[PDB]
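**Q** I am attaching a structure below and will ask some questions about it afterwards.
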Amino acid sequence: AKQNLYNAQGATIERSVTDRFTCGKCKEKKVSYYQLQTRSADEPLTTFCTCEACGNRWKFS
Amino acid sequence: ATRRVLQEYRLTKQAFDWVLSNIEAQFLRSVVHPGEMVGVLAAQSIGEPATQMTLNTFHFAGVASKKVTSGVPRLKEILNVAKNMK
Amino acid sequence: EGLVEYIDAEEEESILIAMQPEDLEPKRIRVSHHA
Amino acid sequence: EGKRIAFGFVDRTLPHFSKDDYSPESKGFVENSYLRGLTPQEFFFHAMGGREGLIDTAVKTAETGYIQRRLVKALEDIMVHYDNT
Amino acid sequence: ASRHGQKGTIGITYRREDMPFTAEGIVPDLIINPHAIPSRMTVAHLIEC
Amino acid sequence: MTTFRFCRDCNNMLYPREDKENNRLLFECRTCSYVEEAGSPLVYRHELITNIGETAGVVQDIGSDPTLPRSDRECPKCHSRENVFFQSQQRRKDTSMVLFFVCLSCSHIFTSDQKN
């Protein structure tokens, strides 16, 4: 029963924790990040920051 | 509100009249002008970011267990009204 | 004289190559490969 | 494609490694800098990473163009009237 | 164009009098902007220089 | 575990048949007159999910593959410290990352998972 109850759970998307960006909704700096080379290589990398305290999302490029 | 006016702003009679007149004047100039072609404006507004959307579509590609359609293919399926989603 | 050999992209599946020659003996960061 | 450098060969990533290797330096990790210099293998992996974005731009230009044309043709005849409708 | 993907166009030409000079009387044959270095990370341009 | 049985006459596989007056099972060849007596009521088997332990696969002359790594672990049988090691060679999606070691001298197979 315990093993089944553990196996009925979904994938937990735990994101990298950092304390530099400031959220615009709750202003709690516990905002996760993800950065990649997605925009055209004529321009630098693109970062996307998501607040894990309120659900805010934004982009910096 | 009355308490906000008397305690937070401390406006006089002259400033209050000025604020009311300015608010009415700035509101009356915000209505939309008849004759504007809003359809092409809306289409351009929606479809300009769609061009740049391709770059960052595959950020969800960074999560293998989150293989859910979003981005260009999802917008394509929404527009086509597809009867068989991925 | 059997000093060099021509390798295609299929035989390469069954070989081992030391990239620098000095990597065969027992700035940047160069790691000593365990092979 | 959102994952580390997969096994292109059988049970490795490059002829200079050993079978069943999972170390970071063997799966596309660059611990150097542009001021220091890149070693050949991480140079190759960086090249693949760049190739992905190059392809992205080169094709999705055309796909987005088609979508944009269809959108503008669909909505081109909508106008605010004097009834405000 | 330079050998590192940095190309441009001539926007104006100056004569040797309006050119900034060093204490030794040397004058730059051309002048480029530094706002092109960071986002491109062409450190090889600087090293080649 | 059902096993195919071939007729002794023409090598064809034997089909089952019943004997009502004696109520006994027989194997007959549809091409000839050979009939043989069934030794068990187990003729066919259809499993669904395979609870098979992961296998190292072919082992013969595996020590001459130069792209296979090495280790200094000690043999549990011949007390040698040189061997080859590799992951499971069966390509199921959900296979764990449990190693397999083949000794250089005695060609003994063991695993890094010493579960009692």
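By Swiss-Prot numbering, chain A shows 249-309, in order.
If you're wondering, the header gives electron microscopy, 3.3 Å.
Each residue, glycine too, has its Cβ placed from N, Cα and C.
As annotated in Swiss-Prot:
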- A:267-307: zinc finger (ZN_FING)
- A:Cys271, A:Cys274, A:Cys299, A:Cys302: Zn(2+) binding site (BINDING)
**Q** Do any residues, 6 or more residues outside the zinc finger (A:267-307), come within under 8 Å Cβ-to-Cβ of it, and if so which ones?
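**A** Apart from its flanks, the zinc finger (A:267-307) reaches none.
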**Q** What are the helix, strand and coil residue counts for the zinc finger (A:267-307) according to DSSP?
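**A** Residue counts for the zinc finger (A:267-307) by secondary structure: 0 helix, 15 strand, 26 coil.
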**Q** Given the recorded Zn(2+) site (A:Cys271, A:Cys274, A:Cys299, A:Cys302), which additional residues of the same chain have their Cβ within 8 Å of the Cβ centre, ordered by sequence?
**A** A:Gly272, A:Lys273, A:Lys275, A:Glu276, A:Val279, A:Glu300, A:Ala301, A:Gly303, A:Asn304
**Q** Among the binding-site residues A:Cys271, A:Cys274, A:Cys299, A:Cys302, which sit with their Cβ under 8 Å from a Cβ of chain F?
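**A** Listed binding-site residues passing the 8 Å Cβ cut to F: none.
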**Q** Taking each of the binding-site residues A:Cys271, A:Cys302 in turn and counting other Cβ atoms within 10 Å of its Cβ, which one has the fewest?
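**A** Ranked by other Cβ atoms within 10 Å, the binding-site residues A:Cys271, A:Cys302 bottom out at A:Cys302.
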